[PDB]
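> give me a 3D structure for the following:
(one chain, ligands or ions: 6)
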Amino acid sequence: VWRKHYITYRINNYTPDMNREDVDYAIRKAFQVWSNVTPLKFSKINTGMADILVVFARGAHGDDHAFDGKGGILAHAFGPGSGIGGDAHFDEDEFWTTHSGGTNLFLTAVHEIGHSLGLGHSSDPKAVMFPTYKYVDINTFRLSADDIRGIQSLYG
Ligand SMILES: O=C(CCCC[C@H]1CCSS1)NCCCO
Ligand SMILES: [Ca+2]
Ligand SMILES: [Ca+2]
Ligand SMILES: [Ca+2]
Ligand SMILES: [Zn+2]
Ligand SMILES: [Zn+2]
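Numbering: from 1, shown residues only. Ligands and ions are numbered 1, 2, ... in the order given. Here you go:
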(Lines give C-alpha, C1' and ligand atoms only; values in the text may rest on other atoms or scores of the structure.)
(Ligands and ions follow the chains in the order given, each with its own letter.)
Protein backbone atom coordinates (compact mmCIF):
# COMPACT_ATOMS: atom_id res chain seq x y z
CA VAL A 1 0.00 0.00 0.00
CA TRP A 2 1.00 3.55 -0.55
CA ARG A 3 2.35 5.04 2.66
CA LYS A 4 1.39 8.67 1.95
CA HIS A 5 -1.77 10.56 1.06
CA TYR A 6 -0.68 12.77 -1.83
CA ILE A 7 -0.24 10.61 -4.95
CA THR A 8 0.79 11.85 -8.37
CA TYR A 9 0.03 10.51 -11.82
CA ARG A 10 1.36 11.31 -15.18
CA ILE A 11 -0.10 10.51 -18.58
CA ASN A 12 2.96 9.21 -20.48
CA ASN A 13 1.22 9.15 -23.88
CA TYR A 14 -2.27 9.47 -25.25
CA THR A 15 -4.27 6.99 -27.25
CA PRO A 16 -5.28 8.26 -30.65
CA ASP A 17 -8.72 6.64 -30.08
CA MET A 18 -9.91 9.56 -28.09
CA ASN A 19 -9.86 13.33 -27.70
CA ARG A 20 -6.99 14.46 -25.49
CA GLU A 21 -9.34 16.27 -23.13
CA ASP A 22 -11.48 13.15 -22.87
CA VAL A 23 -8.53 10.96 -21.85
CA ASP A 24 -7.70 13.62 -19.17
CA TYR A 25 -11.25 13.66 -17.95
CA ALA A 26 -11.76 9.88 -17.81
CA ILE A 27 -8.64 9.29 -15.91
CA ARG A 28 -9.26 12.22 -13.53
CA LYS A 29 -12.86 10.96 -12.89
CA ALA A 30 -11.49 7.48 -12.27
CA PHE A 31 -9.02 8.63 -9.62
CA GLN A 32 -11.89 10.67 -8.07
CA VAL A 33 -13.87 7.45 -7.56
CA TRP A 34 -11.17 6.25 -5.21
CA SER A 35 -10.45 9.72 -3.66
CA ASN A 36 -14.13 9.73 -2.69
CA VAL A 37 -13.76 6.82 -0.25
CA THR A 38 -10.18 7.21 1.02
CA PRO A 39 -7.90 9.96 2.38
CA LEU A 40 -5.91 9.85 -0.84
CA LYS A 41 -5.49 12.92 -3.07
CA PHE A 42 -4.43 12.61 -6.67
CA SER A 43 -2.64 15.22 -8.85
CA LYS A 44 -1.69 14.99 -12.53
CA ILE A 45 1.79 16.16 -13.28
CA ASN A 46 3.33 16.82 -16.56
CA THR A 47 7.01 16.15 -16.10
CA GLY A 48 9.11 14.18 -13.85
CA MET A 49 8.47 10.89 -12.05
CA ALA A 50 4.93 10.33 -10.89
CA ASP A 51 3.80 7.54 -8.60
CA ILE A 52 1.42 6.19 -11.17
CA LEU A 53 2.55 6.38 -14.80
CA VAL A 54 -0.41 5.94 -17.21
CA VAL A 55 0.77 4.34 -20.45
CA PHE A 56 -0.98 3.27 -23.62
CA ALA A 57 0.98 0.48 -25.30
CA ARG A 58 0.65 -2.57 -27.53
CA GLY A 59 2.30 -6.01 -27.48
CA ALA A 60 5.63 -6.12 -25.76
CA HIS A 61 6.17 -2.83 -24.11
CA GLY A 62 9.09 -3.31 -21.79
CA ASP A 63 7.64 -5.03 -18.80
CA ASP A 64 7.09 -8.68 -18.37
CA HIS A 65 3.41 -8.40 -19.21
CA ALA A 66 2.96 -8.23 -23.02
CA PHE A 67 -0.43 -7.32 -24.45
CA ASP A 68 -2.31 -9.66 -26.72
CA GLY A 69 -3.93 -7.53 -29.45
CA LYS A 70 -7.50 -6.59 -29.66
CA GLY A 71 -9.64 -8.16 -26.95
CA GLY A 72 -8.57 -10.45 -24.15
CA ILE A 73 -6.43 -8.50 -21.72
CA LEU A 74 -7.57 -4.83 -21.88
CA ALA A 75 -5.21 -3.27 -19.39
CA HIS A 76 -3.02 -4.15 -16.35
CA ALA A 77 -1.46 -2.29 -13.47
CA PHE A 78 1.20 -2.84 -10.82
CA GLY A 79 0.57 -2.59 -7.11
CA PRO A 80 2.14 0.12 -4.91
CA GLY A 81 5.84 0.38 -5.05
CA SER A 82 8.70 2.44 -6.49
CA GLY A 83 9.53 2.59 -10.30
CA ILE A 84 6.99 0.44 -12.17
CA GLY A 85 5.02 0.09 -8.99
CA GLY A 86 1.67 1.77 -9.30
CA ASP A 87 1.85 2.13 -13.11
CA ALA A 88 -1.19 1.42 -15.19
CA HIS A 89 -0.99 0.25 -18.77
CA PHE A 90 -3.84 0.19 -21.29
CA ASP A 91 -3.68 -1.97 -24.39
CA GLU A 92 -3.61 0.27 -27.43
CA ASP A 93 -5.05 -2.56 -29.53
CA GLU A 94 -8.37 -1.85 -27.87
CA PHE A 95 -10.54 1.02 -29.12
CA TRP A 96 -10.94 3.31 -26.12
CA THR A 97 -14.01 5.51 -25.74
CA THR A 98 -16.16 7.78 -23.65
CA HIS A 99 -19.21 5.73 -24.08
CA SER A 100 -20.22 2.10 -24.86
CA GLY A 101 -18.65 1.82 -28.32
CA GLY A 102 -15.38 -0.02 -27.94
CA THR A 103 -13.93 -0.25 -24.45
CA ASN A 104 -14.88 2.43 -21.93
CA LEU A 105 -11.67 4.07 -20.58
CA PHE A 106 -13.26 5.41 -17.43
CA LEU A 107 -14.50 2.07 -16.22
CA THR A 108 -11.35 0.30 -17.14
CA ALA A 109 -9.29 2.91 -15.44
CA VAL A 110 -11.25 2.73 -12.21
CA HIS A 111 -10.47 -1.04 -12.11
CA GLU A 112 -6.77 -0.54 -12.95
CA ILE A 113 -6.30 2.28 -10.47
CA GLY A 114 -7.78 -0.07 -7.93
CA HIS A 115 -4.79 -2.35 -8.65
CA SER A 116 -2.45 0.67 -8.54
CA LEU A 117 -3.70 1.24 -5.03
CA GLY A 118 -3.27 -2.36 -3.88
CA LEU A 119 -6.57 -4.07 -4.60
CA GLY A 120 -6.79 -7.57 -6.14
CA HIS A 121 -9.74 -9.03 -8.02
CA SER A 122 -13.25 -9.57 -6.65
CA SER A 123 -15.45 -12.61 -7.24
CA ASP A 124 -18.55 -10.35 -7.10
CA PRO A 125 -19.79 -9.41 -10.62
CA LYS A 126 -21.13 -6.20 -9.07
CA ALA A 127 -17.65 -5.02 -8.14
CA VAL A 128 -15.52 -2.81 -10.30
CA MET A 129 -12.64 -5.15 -9.27
CA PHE A 130 -14.36 -8.06 -11.06
CA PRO A 131 -12.06 -8.81 -14.05
CA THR A 132 -14.67 -9.08 -16.74
CA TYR A 133 -15.40 -5.98 -18.79
CA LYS A 134 -19.14 -5.09 -18.79
CA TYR A 135 -20.26 -1.62 -19.88
CA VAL A 136 -22.46 0.18 -17.41
CA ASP A 137 -23.63 3.65 -17.75
CA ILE A 138 -20.83 5.92 -16.81
CA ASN A 139 -23.30 8.19 -14.73
CA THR A 140 -25.08 5.12 -13.21
CA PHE A 141 -21.67 3.79 -12.01
CA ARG A 142 -21.15 3.01 -8.33
CA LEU A 143 -18.43 1.21 -6.48
CA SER A 144 -19.90 -1.84 -4.91
CA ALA A 145 -19.90 -2.46 -1.17
CA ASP A 146 -17.22 -5.13 -1.82
CA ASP A 147 -15.00 -2.48 -3.48
CA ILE A 148 -15.47 0.01 -0.66
CA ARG A 149 -14.70 -2.60 1.98
CA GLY A 150 -11.54 -3.58 0.02
CA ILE A 151 -10.08 -0.12 -0.38
CA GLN A 152 -11.07 0.90 3.15
CA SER A 153 -9.36 -2.22 4.48
CA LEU A 154 -6.19 -0.80 2.88
CA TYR A 155 -6.45 2.99 3.55
CA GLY A 156 -9.14 4.17 5.94
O1 LIG B 1 -9.09 -6.35 -16.34
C2 LIG B 1 -9.22 -5.77 -17.34
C3 LIG B 1 -9.78 -4.37 -17.29
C4 LIG B 1 -11.32 -4.40 -17.35
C5 LIG B 1 -11.76 -4.61 -15.92
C6 LIG B 1 -13.27 -4.86 -15.67
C7 LIG B 1 -13.89 -3.78 -14.83
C8 LIG B 1 -13.61 -2.45 -15.61
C9 LIG B 1 -14.26 -2.47 -16.97
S10 LIG B 1 -16.02 -2.79 -16.53
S11 LIG B 1 -15.69 -3.68 -14.70
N12 LIG B 1 -8.80 -6.34 -18.64
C13 LIG B 1 -8.53 -7.64 -18.59
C14 LIG B 1 -9.94 -8.16 -18.28
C15 LIG B 1 -10.52 -9.03 -19.39
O16 LIG B 1 -10.76 -10.40 -18.95
CA1 LIG C 1 5.35 4.08 -10.46
CA1 LIG D 1 -5.84 -6.87 -25.59
CA1 LIG E 1 -6.53 1.92 -29.92
ZN1 LIG F 1 2.54 -3.28 -19.11
ZN1 LIG G 1 -7.62 -6.56 -13.02
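
> buried ones in stretch 94-106, by neighbour count?
For stretch 94-106, a neighbour-count test (16 or more other CB atoms under 10 Å) marks 94, 96-98, 103-106 as buried. C-beta: built from backbone N, CA, C; applies to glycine.

> sorry, that was for stretch 39-53
40, 42, 50-53.

> show me what from the protein comes close to ligand 3.
Proximity of the chain to ligand 3, by CB under 5 Å from the ion, involves residues 68, 72-73, 91.

> regarding the residue in the chain that ligand 5 sits nearest to, what is its secondary structure?
Closest residue of the chain to ligand 5, CB to the ion: residue 89 (3.5 Å). Here residue 89 is strand, with the state taken from DSSP: H, G, I helix; E, B strand; the rest coil.

> around it, how many other residues sit close by?
23 (other CB atoms under 10 Å).

> quick check: closest non-adjacent residue to it.
The spatially closest residue to residue 89, leaving aside those adjacent along the chain, is residue 55, at 4.8 Å (CB to CB, 6 or more residues apart in numbering).

> the helix or strand containing the one you found pairs with which strands, and in what direction?
Taking DSSP states H and E as the criterion, residue 55 maps to strand 52-57. Strand 52-57 pairs in its sheet with strand 6-11 (parallel), strand 88-91 (parallel), by DSSP bridges.

> deepest of the ones you listed, which one?
strand 88-91 (a mean of 24; mean count of other CB atoms under 10 Å).

> now what about it, what contacts it?
Outside strand 88-91, the residues within contact range by CB atoms under 8 Å, 6 or more residues apart in numbering are 15, 52-58, 61, 63, 65, 67-69, 73-78, 96, 105, 108-109, 112-113, 115-116.

> out of the residues you listed, which are buried?
Listed as buried from those are 15, 52-57, 67, 74-75, 77-78, 96, 105, 108-109, 112-113, 115-116; burial here means 16+ other CB under 10 Å.

> could you give the angle of the longest helix seen in the chain to strand 52-57?
Ranked by residue count, the top helix of the chain under DSSP state H comes out as helix 20-35. If you take axes from the mean of the first three to the mean of the last three CA atoms, to 10 degrees, helix 20-35 sits at 140 degrees to strand 52-57.

> other SSEs contacting the helix or strand just after helix 20-35?
Counting by DSSP H and E, the next helix or strand C-terminal to helix 20-35 is strand 41-44. Applying 3 or more CB pairs under 8 Å, 6 or more residues apart in numbering; DSSP states H and E, we find strand 41-44 packed against strand 6-11, helix 20-35.
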